[PDB]
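Some notes on the structure that comes next.
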Amino acid sequence: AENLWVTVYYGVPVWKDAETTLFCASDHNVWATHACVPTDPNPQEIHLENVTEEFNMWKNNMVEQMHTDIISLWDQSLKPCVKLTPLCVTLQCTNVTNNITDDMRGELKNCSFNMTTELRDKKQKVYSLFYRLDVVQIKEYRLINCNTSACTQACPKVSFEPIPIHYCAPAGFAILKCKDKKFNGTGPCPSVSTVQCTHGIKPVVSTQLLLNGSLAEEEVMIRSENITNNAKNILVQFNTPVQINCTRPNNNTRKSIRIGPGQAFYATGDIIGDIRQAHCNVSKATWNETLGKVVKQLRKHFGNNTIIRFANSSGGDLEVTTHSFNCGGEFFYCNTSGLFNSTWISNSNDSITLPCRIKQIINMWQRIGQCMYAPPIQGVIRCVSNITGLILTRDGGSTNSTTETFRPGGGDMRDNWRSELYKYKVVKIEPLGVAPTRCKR
Amino acid sequence: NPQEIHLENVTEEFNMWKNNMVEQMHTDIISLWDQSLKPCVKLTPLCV
Amino acid sequence: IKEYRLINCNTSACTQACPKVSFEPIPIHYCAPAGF
Amino acid sequence: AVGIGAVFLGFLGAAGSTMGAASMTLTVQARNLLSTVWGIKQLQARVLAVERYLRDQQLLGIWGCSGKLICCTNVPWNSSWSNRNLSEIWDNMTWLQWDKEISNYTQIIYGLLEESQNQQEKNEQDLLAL
Amino acid sequence: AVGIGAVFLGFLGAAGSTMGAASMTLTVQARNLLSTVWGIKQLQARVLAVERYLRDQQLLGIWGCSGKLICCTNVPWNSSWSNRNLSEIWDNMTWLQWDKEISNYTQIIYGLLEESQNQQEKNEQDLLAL
Amino acid sequence: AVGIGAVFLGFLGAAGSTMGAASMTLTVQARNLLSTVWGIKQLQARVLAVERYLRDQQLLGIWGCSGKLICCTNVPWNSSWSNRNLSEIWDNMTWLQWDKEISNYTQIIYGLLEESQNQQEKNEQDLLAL
Amino acid sequence: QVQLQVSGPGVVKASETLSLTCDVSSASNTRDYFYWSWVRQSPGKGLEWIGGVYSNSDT
Ligand SMILES: *[C@@H]1O[C@H](CO)[C@@H](O[C@@H]2O[C@H](CO)[C@@H](O[C@@H]3O[C@H](CO)[C@@H](O)[C@H](O[C@H]4O[C@H](CO)[C@@H](O)[C@H](O)[C@@H]4O[C@H]4O[C@H](CO)[C@@H](O)[C@H](O)[C@@H]4O)[C@@H]3O)[C@H](O)[C@H]2NC(C)=O)[C@H](O)[C@H]1NC(C)=O
Ligand SMILES: *[C@@H]1O[C@H](CO)[C@@H](O[C@@H]2O[C@H](CO)[C@@H](O)[C@H](O)[C@H]2NC(C)=O)[C@H](O)[C@H]1NC(C)=O
Ligand SMILES: *[C@@H]1O[C@H](CO)[C@@H](O[C@@H]2O[C@H](CO)[C@@H](O)[C@H](O)[C@H]2NC(C)=O)[C@H](O)[C@H]1NC(C)=O
Ligand SMILES: *[C@@H]1O[C@H](CO)[C@@H](O[C@@H]2O[C@H](CO)[C@@H](O)[C@H](O)[C@H]2NC(C)=O)[C@H](O)[C@H]1NC(C)=O
Ligand SMILES: *[C@@H]1O[C@H](CO)[C@@H](O[C@@H]2O[C@H](CO)[C@@H](O)[C@H](O)[C@H]2NC(C)=O)[C@H](O)[C@H]1NC(C)=O
Ligand SMILES: *[C@@H]1O[C@H](CO)[C@@H](O[C@@H]2O[C@H](CO)[C@@H](O)[C@H](O)[C@H]2NC(C)=O)[C@H](O)[C@H]1NC(C)=O
Ligand SMILES: *[C@@H]1O[C@H](CO)[C@@H](O[C@@H]2O[C@H](CO)[C@@H](O)[C@H](O)[C@H]2NC(C)=O)[C@H](O)[C@H]1NC(C)=O
Ligand SMILES: *[C@@H]1O[C@H](CO)[C@@H](O[C@@H]2O[C@H](CO)[C@@H](O)[C@H](O)[C@H]2NC(C)=O)[C@H](O)[C@H]1NC(C)=O
Ligand SMILES: *[C@@H]1O[C@H](CO)[C@@H](O[C@@H]2O[C@H](CO)[C@@H](O)[C@H](O)[C@H]2NC(C)=O)[C@H](O)[C@H]1NC(C)=O
Ligand SMILES: *[C@@H]1O[C@H](CO)[C@@H](O[C@@H]2O[C@H](CO)[C@@H](O)[C@H](O)[C@H]2NC(C)=O)[C@H](O)[C@H]1NC(C)=O
Ligand SMILES: *[C@@H]1O[C@H](CO)[C@@H](O[C@@H]2O[C@H](CO)[C@@H](O)[C@H](O)[C@H]2NC(C)=O)[C@H](O)[C@H]1NC(C)=O
Ligand SMILES: *[C@@H]1O[C@H](CO)[C@@H](O[C@@H]2O[C@H](CO)[C@@H](O)[C@H](O)[C@H]2NC(C)=O)[C@H](O)[C@H]1NC(C)=O
Ligand SMILES: *[C@@H]1O[C@H](CO)[C@@H](O)[C@H](O)[C@H]1NC(C)=O
Ligand SMILES: *[C@@H]1O[C@H](CO)[C@@H](O)[C@H](O)[C@H]1NC(C)=O
Ligand SMILES: *[C@@H]1O[C@H](CO)[C@@H](O)[C@H](O)[C@H]1NC(C)=O
Ligand SMILES: *[C@@H]1O[C@H](CO)[C@@H](O)[C@H](O)[C@H]1NC(C)=O
Ligand SMILES: *[C@@H]1O[C@H](CO)[C@@H](O)[C@H](O)[C@H]1NC(C)=O
Ligand SMILES: *[C@@H]1O[C@H](CO)[C@@H](O)[C@H](O)[C@H]1NC(C)=O
Ligand SMILES: *[C@@H]1O[C@H](CO)[C@@H](O)[C@H](O)[C@H]1NC(C)=O
């Protein structure tokens with residue numbers, strides 16, 4: 001005695017997980033924002049009351065899409081630039097000993113070489129300054145990348161500064177944002193909203209230290225796909241930033257030499273004045289209190305009575321072993337030994353200085369056979385950044401001892417994008433539904 | 001047989017100096033010239 | 001530089017024009033999509 | 001209750017509401033279904049949105065519910081698909097839970113709707129001859 | 001009629017005519033609204049035309065005016081939108097001037113129209129429930 | 001035969017069947033009409049498929065047959081198009097032979113239906129004016 | 001989320017006219033009418049309702 005008939009409702013508020021291509025929106029640069037749809041002046045963010053949605057940062061297609069997009073943009077930016085194929089030659093290199101400090105002995109090499117000119121039948125003897133990490137002995141030297149592949153010089157006009165990028169779904173798709181604070185990144189989220197676009201995410205490239213990122217609104221957040229698994233990276237988000245001042249004090253002089261028809265190679269002619277190592281300063285008290293907060297948060301996962309210590313990086317390439325980043329074109333690799341060196345017992349104006357090495361031959365992404373030459377930046381350079389998070393790895397994991405060792409990590413830039421896209425997911429809307437009703441056709 | 005229509009009783013404001021058609025034609029012509037010059041020899045060794 | 005060089009050498013390399021490609025102008029009609 | 005305005009919910013504000021409450025916001029969801037690194041991606045996204053919208057419209061048309069947000073049908077609802085009464089359907093759950101519950105029987109209902117529409121069209125054609 | 005020519009009314013011919021006279025030539029406008037560097041932009045031209053036509057059709061459908069040239073609706077006309085009289089607009093103004101006049105009230109009218117269509121659909125469902 | 005079961009024909013199973021029998025499988029055929037350099041080729045293919053589907057939909061709409069699989073029209077059937085009776089058409093030959101037969105009289109019939117629907121909508125508008 | 005910002009002179013002379021302006025910034029562009037109102041609280045006293053107006057009519 002029911003007499004219920006099918007009724008079709010078009011436009012019901014129903015969605016489910018889907019994978020699509022999010023397009024870019026922004027308010028000469030490596031990240032091409034000229035082709036992006038301009039952002040709306042007043043973004044629309046609609047709160048979904050009585051909606052609990054399952055989120056998972058570690059299986060988000062948005063991270064993969066952003067990674068692929070960034071690599072594609074980098075390749076596009078490097079496509080219309082000079083290829084340094086003639087640069088692979090025998091180099092007569094001597095040690096730079098003119099006004100240098102004890103910590104800079106042997107880091108720079110004054111290398112002379114023959115090079116092509118505008119005319120095919122003419123050659124020129126030129127000289128340059130090359131960092132020790134860029135040249136390998138065959139007094140006879142050659143560039144490190146010569147036995148791997150050719151290098152494409154980065155064009156001087158395009159700026160390496162990150163620009164905010166907003167990711168927007170097409171019609172028929174929605175982006176759900178988890179407004180719930182203290183969020184683990186995995187599981188239910190009761191406070192959920194829908195946004196036409198994500199917030200401005202600056203594609204900051206860094207290892208062992210998340211720079212110019214987003215800060216937690218309540219307290220330090222620890223996130224891990226499997227915290228009990230030592231093989232899974234741990235993402236730490238700070239509630240407050242730590243100011244870090246990174247500087248190269250050398251007054252580098254850029255001289256451009258003609259290497260072919262319409263092809264110019266920018267070498268480092270000479271350093272005007274004293275030569276000293278580039279370095280990064282960080283406040284000691286701020287770092288200490290941040291580490292204390294991180295230790296207290298980690299104690300919630302690894303027990304209140306455990307011993308938390310921060311130590312060396314395990315090892316590997318210079319990109320993963322040291323904090324790698326870029327400061328206005330110059331690519332820095334900083335020895336973060338003084339930061340992660342302490343132990344904690346479960347009971348002033350001075351600052352920590354990290355020495356840094358500058359590099360010109362670079363490999364941003366985890367690829368072999370695709371390298372880039374960074375033109376030198378004229379004059380002193382300095383930058384100020386906000387350390388807002390960390391990428392950590394747990395060493396060992398045996399239950400014999402009560403101590404836990406955490407070491408800096410990085411290398412994979414997918415984790416860097418994950419720290420910003422943790423609260424965002426993409427779904428496809430299904431406006432068609434069928435329900436039972438007493439109504440009949 | 002092109003099909004023209006007179007818009008009787010109509011007046012419209014024109015501005016030739018800010019017409020997007022001119023810019024579009026310029027871009028299209030530049031793109032065509034770039035396309036036509038790609039699949040043939042580049043005289044790099046001529047510089048001697 | 002009796003010695004001479006092409007004017008473009010110190011600016012950029014030159015691409016030889018395709019020999020079978022003609023430079024004759026052809027009329028072009030710029031036509032909008034539907035709804036325009 | 002004297003000095004008060006009015007603000008209407010957005011695209012999916014009715015998702016967590018009951019089915020009856022959400023049935024009044026169908027047009028809001030409906031209107032939003034249509035609107036080289038970035039060019040081809042945007043073009044493909046537009047084509048995909050057009051294809052999805054046209055697929056939904058074609059399904060509605062072949063069900064005889066063309067141009068109707070709410071459209072009753074002649075297909076009876078048997079207890080196998082859902083044993084729940086109307087009282088706890090339209091006043092105690094949302095549409096997302098409904099999609100979760102009856103996701104298995106969606107294709108059967110769609111096929112029954114198609115066959116019912118075909119039978120209705122044939123019956124109408126036969127009657128119209130007289 | 002033996003000796004007589006054919007004056008085919010043209011596209012946008014009644015643009016300058018009054019609204020009353022221009023409303024009689026809606027067909028000539030509505031009938032043909034859908035119909036390496038060159039091909040790539042021809043493709044997106046086709047896509048743009050298709051999506052524009054589909055959005056217009058969707059807007060017509062969600063108001064309950066699908067497949068119609070003139071559609072009488074149930075929403076009242078608020079005098080605040082325009083204080084002009086019927087004889088004024090329908091005999092001393094063109095469609096373009098009307099669009100310029102009420103360019104800032106189109107969205108509210110569309111929202112009211114779709115809300116009224118949803119209400120009408122709900123009322124029809126309730127009527128069919130008996 | 002008791003205990004036989006049932007299996008229903010697929011996409012074009014009724015291609016070689018009679019027109020009257022083949023008229024039961026309209027929905028099955030209807031639902032199947034929508035679903036770097038190779039990216040361009042596939043985009044062209046799917047865009048053209050969408051354009052053809054919209055062409056068919058608009059062609060039906062200009063006859064007033066929107067959303068109807070079977071739609072009757074007021075155009076009389078002239079004898080010279082086909083002198084066969086209904087029994088010989090709907091019970092002794094398929095749709096392919098029919099289309100082959102009336103391939104010559106397709107465009108004229110389409111124009112006749114188009115003008116008939118135009119006259120019908122004009123008459124409806126005139127009647128609703130009063 | 002609707003946000004309200006108040007502005008006006010910090011000091012006004014006696015027997016003069018005090019002018020205060022509250023601006024409204026709303027992230028939603030759909031047609032909506034709010035009811036705006038002014039509420040003043042004296043130092044150490046309870047709140048007082050001055051007056052209000054609709055956002056779509058002169059009421
Ligand atoms: C985190 O965010 C902070 C704050 O935004 C970042 O710190 C900023 O870093 C940028 C660049 O990295 C820096 O801007 C530069 O400042 C200098 C002083 O004004 C300028 O030298 C420089 O302008 C030159 O470079 C631009 C391209 O970057 C060119 O567009 C411009 O024309 C200038 O280039 C001329 O000069 C150079 C040098 O002589 C020469 O080689 C060129 O050919 C040309 O002649 C930039 O404007 C900001 O000042 C920094 N802000 C602060 C507060 O420190 C930080 O880097 C971010 N961290 C990370 C990891 O991304
Ligand atoms: C690097 O080497 C070059 C050449 O060997 C040095 O340039 C010479 O500088 C001296 C002193 O200023 C001049 O007398 C020579 O004429 C220069 N030679 C050339 C070829 O330019 C250059 O000073 C060296 N730089 C450093 C930092 O040691
Ligand atoms: C640049 O090229 C010249 C010419 O080949 C090099 O000088 C030659 O060096 C070789 C090896 O020492 C000698 O056998 C030749 O006699 C030299 N020729 C001349 C004309 O000097 C020169 O060493 C090259 N420079 C660099 C920096 O590699
Ligand atoms: C580093 O962190 C500080 C503190 O969070 C940032 O200063 C904030 O800047 C924002 C800009 O959107 C303002 O709205 C806040 O009011 C500022 N806060 C403070 C306490 O001053 C600073 O912008 C950050 N710098 C970088 C480069 O990320
Ligand atoms: C998180 O990682 C731990 C450690 O690997 C997983 O537990 C292990 O599961 C494997 C499965 O074969 C067992 O062999 C190990 O003995 C387990 N080790 C411990 C310490 O329990 C655990 O399953 C992982 N969690 C999830 C959710 O995948
Ligand atoms: C990093 O800190 C060091 C000291 O730990 C700074 O070195 C001082 O730099 C100032 C420049 O204002 C000089 O006046 C001092 O004489 C330097 N002292 C020493 C001991 O070297 C360095 O400048 C700081 N760098 C940045 C970028 O802040
Ligand atoms: C990084 O540099 C900033 C300036 O860009 C330093 O900020 C200064 O901090 C001192 C306190 O020691 C204040 O007296 C100055 O007024 C600040 N300057 C500015 C411009 O605000 C900051 O201390 C530096 N941090 C480190 C770790 O070296
Ligand atoms: C790990 O810390 C240790 C000691 O603090 C560093 O080990 C030194 O490494 C250098 C270069 O390989 C050797 O010359 C020293 O003899 C080592 N010292 C000791 C005590 O073993 C090591 O460099 C640190 N790791 C990193 C990545 O900085
Ligand atoms: C990073 O810095 C640490 C601290 O200075 C370096 O460890 C030093 O290594 C030198 C060898 O050059 C030893 O003489 C010192 O005794 C070490 N110091 C300590 C505190 O252990 C470490 O080698 C640096 N890392 C790299 C890769 O150079
Ligand atoms: C979210 O759910 C709550 C209850 O779970 C809804 O509040 C109910 O509203 C109905 C009718 O609107 C009342 O009969 C109930 O008594 C209310 N329950 C409670 C606990 O107050 C609320 O309306 C829902 N929100 C939305 C936006 O749909
Ligand atoms: C443009 O204006 C003229 C007059 O200004 C319109 O012609 C009028 O048409 C109406 C209706 O047919 C007649 O009642 C008037 O007497 C006509 N006026 C004159 C002066 O002859 C004309 O129709 C308008 N153009 C179009 C295309 O409609
Ligand atoms: C295929 O053709 C055969 C013969 O042309 C059809 O068999 C006929 O079926 C009808 C009714 O369906 C009977 O009235 C005839 O007597 C049958 N004729 C013969 C010779 O058997 C058959 O139905 C057709 N099948 C399909 C699927 O089209
Ligand atoms: C350059 O200096 C380094 C480091 O002091 C030393 O190992 C190397 O032998 C020196 N080379 C010379 C003087 O050619
Ligand atoms: C290039 O040479 C370096 C050191 O000379 C060596 O470590 C590396 O494996 C070589 N790479 C290749 C591809 O041969
Ligand atoms: C976050 O995810 C972890 C991993 O499963 C889970 O155990 C934990 O309960 C979650 N936390 C919250 C607050 O939901
Ligand atoms: C670097 O050298 C140039 C040229 O000698 C000079 O103008 C400039 O001031 C120097 N910069 C610094 C920071 O000393
Ligand atoms: C660590 O100590 C706090 C008290 O400060 C206590 O609430 C907490 O439960 C302890 N942690 C665990 C995991 O028991
Ligand atoms: C590490 O800390 C120890 C004290 O535990 C100190 O002696 C040593 O110098 C520190 N090393 C660095 C690189 O800061
Ligand atoms: C190229 O050479 C010509 C003539 O010598 C000169 O006028 C011109 O400025 C040069 N251009 C460049 C880019 O060097």
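Just so we're on the same page: first chain in the structure tokens is A, next is B, and so on; residues restart at 1 for each chain, and ligands are numbered from 1 in the order they show up.
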Legend entry - Exercise answer, 12 Å around ligand 16 with only C-alpha atoms and all ligand atoms, as a ChimeraX atom specification: /A:247-254,270-275,377-382
Inset, instruction - Please check which protein, DNA or RNA residues sit within 8 Å of ligand 17, counting only C-alpha atoms and all ligand atoms, and write them as a PyMOL selection string. - result: chain A and resi 299-305
Just write the chosen residues, N, CA and C atoms, as a compact mmCIF listing (two decimals), in the first residue's frame.
# COMPACT_ATOMS: atom_id res chain seq x y z
N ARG A 299 55.72 14.89 20.94
CA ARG A 299 55.53 14.05 22.11
C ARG A 299 54.12 13.48 22.16
N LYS A 300 53.14 14.19 21.60
CA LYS A 300 51.78 13.66 21.56
C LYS A 300 51.70 12.38 20.74
N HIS A 301 52.54 12.26 19.71
CA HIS A 301 52.54 11.09 18.84
C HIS A 301 53.49 10.00 19.33
N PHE A 302 54.66 10.39 19.85
CA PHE A 302 55.70 9.45 20.25
C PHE A 302 55.79 9.28 21.76
N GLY A 303 54.76 9.66 22.49
CA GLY A 303 54.76 9.50 23.94
C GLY A 303 55.32 10.71 24.66
N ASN A 304 54.79 10.94 25.86
CA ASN A 304 55.21 12.07 26.68
C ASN A 304 56.61 11.88 27.26
N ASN A 305 57.03 10.64 27.51
CA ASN A 305 58.28 10.37 28.20
C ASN A 305 59.45 10.09 27.26
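The Cα RMSD between chain E and chain F, which share one sequence, comes to 2.0 Å after optimal superposition of the latter on the former.
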Inset, instruction - Name the residues, by chain letter and number, that sit within 10 Å of ligand 19 using only C-alpha atoms and all ligand atoms, and give them as a ChimeraX atom specification. - result: /A:258,261-262 /C:1,5-12
Since we have the selection now, will you write its residues out, keeping C-alpha atoms, as a CSV table (one decimal), in the first residue's frame?
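Okay, this is what ended up in part-v4.csv:
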chain,number,residue,atom,x,y,z
A,258,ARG,CA,79.5,37.0,-27.5
A,261,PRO,CA,75.2,35.1,-33.6
A,262,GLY,CA,72.9,36.7,-31.1
C,1,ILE,CA,85.2,44.4,-39.9
C,5,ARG,CA,80.6,40.2,-42.6
C,6,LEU,CA,76.9,40.0,-42.8
C,7,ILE,CA,75.1,42.8,-41.0
C,8,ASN,CA,73.0,40.4,-38.9
C,9,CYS,CA,75.9,38.4,-37.6
C,10,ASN,CA,76.4,40.5,-34.4
C,11,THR,CA,72.6,40.6,-33.9
C,12,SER,CA,71.3,37.1,-34.6
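The part of chain B that reaches within 7 Å of chain A is made up of residues 45, 47 and 48 of chain B, counting only C-alpha atoms.
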Using C-alpha atoms, can you write the selected residues to a file as an mmCIF file, in the first residue's frame?
data_model
loop_
_atom_site.group_PDB
_atom_site.id
_atom_site.type_symbol
_atom_site.label_atom_id
_atom_site.label_comp_id
_atom_site.auth_asym_id
_atom_site.auth_seq_id
_atom_site.Cartn_x
_atom_site.Cartn_y
_atom_site.Cartn_z
ATOM 1 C CA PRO B 45 77.351 28.850 -40.799
ATOM 2 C CA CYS B 47 78.572 34.070 -40.530
ATOM 3 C CA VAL B 48 82.228 34.020 -41.618
#
Inset, instruction - Write out as a PyMOL selection string the residues lying within 7 Å of residue 11 in chain E, counting only C-alpha atoms and excluding same-chain residues fewer than 3 positions away. - result: (chain B and resi 5) or (chain E and resi 28-29)
Write the selection just made, keeping N, CA, C and O atoms, as a JSON list (two decimals), in the first residue's frame?
[["chain", "number", "residue", "atom", "x", "y", "z"],
["B", 5, "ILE", "N", 23.15, 42.84, -44.94],
["B", 5, "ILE", "CA", 21.88, 43.34, -44.41],
["B", 5, "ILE", "C", 22.06, 44.80, -44.04],
["B", 5, "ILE", "O", 23.03, 45.17, -43.37],
["E", 28, "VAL", "N", 14.00, 35.43, -37.35],
["E", 28, "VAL", "CA", 15.15, 35.62, -38.22],
["E", 28, "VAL", "C", 16.43, 35.74, -37.40],
["E", 28, "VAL", "O", 17.53, 35.46, -37.89],
["E", 29, "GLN", "N", 16.32, 36.17, -36.14],
["E", 29, "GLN", "CA", 17.48, 36.21, -35.26],
["E", 29, "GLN", "C", 17.75, 34.84, -34.63],
["E", 29, "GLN", "O", 18.90, 34.40, -34.59]]
Quick one: which residues from chain E are at most 8 Å off chain B, using only C-alpha atoms, as a compact mmCIF listing (two decimals) with C-alpha atoms, in the first residue's frame?
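Generated output (selection_6.txt):
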# COMPACT_ATOMS: atom_id res chain seq x y z
CA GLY E 10 17.39 40.21 -42.59
CA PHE E 11 19.38 39.43 -39.47
CA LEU E 12 19.14 42.25 -36.91
CA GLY E 13 16.92 44.11 -39.37
CA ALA E 14 14.53 45.39 -36.69
CA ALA E 15 17.30 46.53 -34.32
CA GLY E 16 16.36 50.18 -34.84
CA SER E 17 12.62 49.48 -34.88
CA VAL E 37 47.08 29.01 -37.00
Any residue with an atom at most 12 Å from ligand 13 counts, using only C-alpha atoms and all ligand atoms. Which are they? Put them as a PDB file with C-alpha atoms, in the first residue's frame.
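This is the output file part10.pdb:
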ATOM      1  CA  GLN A  92      93.027  26.470 -17.604  1.00  0.00           C
ATOM      2  CA  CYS A  93      92.072  27.161 -13.985  1.00  0.00           C
ATOM      3  CA  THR A  94      94.016  28.795 -11.152  1.00  0.00           C
ATOM      4  CA  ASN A  95      93.089  29.477  -7.537  1.00  0.00           C
ATOM      5  CA  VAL A  96      91.445  32.799  -6.678  1.00  0.00           C
ATOM      6  CA  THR A  97      93.578  34.148  -3.810  1.00  0.00           C
ATOM      7  CA  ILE A 100      89.707  35.988   0.280  1.00  0.00           C
ATOM      8  CA  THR A 101      88.966  34.681   3.767  1.00  0.00           C
ATOM      9  CA  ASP A 102      90.150  31.402   5.274  1.00  0.00           C
ATOM     10  CA  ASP A 103      86.695  29.841   4.815  1.00  0.00           C
ATOM     11  CA  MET A 104      86.680  30.624   1.056  1.00  0.00           C
ATOM     12  CA  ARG A 105      90.004  28.979   0.145  1.00  0.00           C
ATOM     13  CA  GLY A 106      89.618  27.078  -3.121  1.00  0.00           C
ATOM     14  CA  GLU A 107      85.892  27.748  -3.554  1.00  0.00           C
ATOM     15  CA  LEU A 108      86.421  29.980  -6.619  1.00  0.00           C
ATOM     16  CA  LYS A 109      88.534  29.146  -9.679  1.00  0.00           C
ATOM     17  CA  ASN A 110      89.779  31.675 -12.235  1.00  0.00           C
ATOM     18  CA  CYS A 111      89.439  29.744 -15.502  1.00  0.00           C
ATOM     19  CA  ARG A 132      84.409  24.811  -7.090  1.00  0.00           C
ATOM     20  CA  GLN A 137      89.545  18.366 -12.880  1.00  0.00           C
ATOM     21  CA  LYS A 139      95.009  22.801 -13.843  1.00  0.00           C
ATOM     22  CA  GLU A 140      93.004  20.925 -16.499  1.00  0.00           C
ATOM     23  CA  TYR A 141      89.296  21.345 -15.727  1.00  0.00           C
TER      24      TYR A 141
END
Inset, instruction - Can you pull out every residue within 8 Å of range 220-227 of chain A, counting only C-alpha atoms, but drop anything in the same chain fewer than 6 positions away, and send it as a PyMOL selection string? - result: chain A and resi 58+182-186+233-239+293-294+297-298+301
Would you mind exporting the chosen residues as a PDB file, in the first residue's frame, restricted to C-alpha atoms?
ATOM      1  CA  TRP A  58      48.675  12.184   0.733  1.00  0.00           C
ATOM      2  CA  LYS A 182      44.070  21.533  13.998  1.00  0.00           C
ATOM      3  CA  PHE A 183      43.544  19.352  10.924  1.00  0.00           C
ATOM      4  CA  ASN A 184      45.655  16.227  10.414  1.00  0.00           C
ATOM      5  CA  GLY A 185      45.213  16.261   6.622  1.00  0.00           C
ATOM      6  CA  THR A 186      43.609  12.789   6.595  1.00  0.00           C
ATOM      7  CA  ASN A 233      58.227  12.154   5.533  1.00  0.00           C
ATOM      8  CA  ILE A 234      56.775  14.294   8.331  1.00  0.00           C
ATOM      9  CA  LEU A 235      55.448  17.749   7.429  1.00  0.00           C
ATOM     10  CA  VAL A 236      55.659  20.305  10.253  1.00  0.00           C
ATOM     11  CA  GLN A 237      53.708  23.568   9.973  1.00  0.00           C
ATOM     12  CA  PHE A 238      54.632  26.440  12.285  1.00  0.00           C
ATOM     13  CA  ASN A 239      52.054  28.651  13.965  1.00  0.00           C
ATOM     14  CA  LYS A 293      56.866  23.669  20.230  1.00  0.00           C
ATOM     15  CA  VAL A 294      57.734  21.012  17.638  1.00  0.00           C
ATOM     16  CA  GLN A 297      53.740  18.398  19.461  1.00  0.00           C
ATOM     17  CA  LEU A 298      55.788  15.319  18.530  1.00  0.00           C
ATOM     18  CA  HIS A 301      52.537  11.087  18.840  1.00  0.00           C
TER      19      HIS A 301
END
Inset, instruction - For range 28-30 of chain G, work out the shell of residues within 12 Å, counting only C-alpha atoms and skipping chain neighbours fewer than 3 positions away, then give it as a PyMOL selection string. - result: (chain A and resi 40-47+195) or (chain D and resi 6-11+28) or (chain E and resi 105-112) or (chain G and resi 1-3+24-25+33)
Write out as CSV the residues of chain A that have any atom within 6 Å of an atom of chain D, one row each with the nearest atom pair and its distance in Å to one decimal, counting only C-alpha atoms, sorted by chain and then rising number.
residue,atom,partner,partner_atom,distance
A:4,CA,D:77,CA,5.2
A:5,CA,D:76,CA,4.2
A:6,CA,D:75,CA,5.6
A:7,CA,D:72,CA,4.6
A:8,CA,D:71,CA,5.5
A:9,CA,D:70,CA,5.0
A:10,CA,D:69,CA,4.9
A:11,CA,D:26,CA,4.4
A:12,CA,D:26,CA,5.7
A:13,CA,D:15,CA,4.9
A:14,CA,D:96,CA,5.4
A:48,CA,D:13,CA,5.0
A:49,CA,D:16,CA,5.8
A:50,CA,D:16,CA,4.3
A:51,CA,D:16,CA,4.9
A:171,CA,D:35,CA,5.0
A:172,CA,D:33,CA,4.5
A:440,CA,D:72,CA,5.5
A:441,CA,D:73,CA,5.1
Inset, instruction - Would you list the contacts of residue 55 in chain G as a PyMOL selection string, taking every protein, DNA or RNA residue within 8 Å and counting only C-alpha atoms, but skipping same-chain residues closer than 5 positions in sequence? - result: (chain D and resi 5) or (chain G and resi 33-36)
Based on the selection just made, write C-alpha atoms of those residues as a compact mmCIF listing (two decimals), in the first residue's frame.
# COMPACT_ATOMS: atom_id res chain seq x y z
CA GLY D 5 17.48 41.12 5.99
CA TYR G 33 19.37 43.05 1.40
CA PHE G 34 20.72 43.30 4.95
CA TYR G 35 19.37 45.28 7.91
CA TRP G 36 22.02 47.75 9.07
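The helix (DSSP H, G or I) portion of range 45-116 of chain A consists of residues 57, 58, 59, 61, 62, 63, 64, 65, 66, 67, 68, 69, 70, 71, 72, 73, 74, 75, 76, 77, 78, 102, 103 and 104 of chain A, with states taken from DSSP on the backbone.
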Inset, instruction - Counting only C-alpha atoms, collect the residues of chain B whose closest atom lies at most 10 Å from chain C, and write them out as a PyMOL selection string. - result: chain B and resi 21+24-25+33+36-48
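Computed from the coordinates, the CA of residue 208 in chain A to CA of residue 390 in chain A distance equals 5.9 Å.
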Inset, instruction - For ligand 18, list the contacting residues at 6 Å or closer, counting only C-alpha atoms and all ligand atoms, as a VMD selection string. - result: chain A and resid 337 to 338 341 to 342
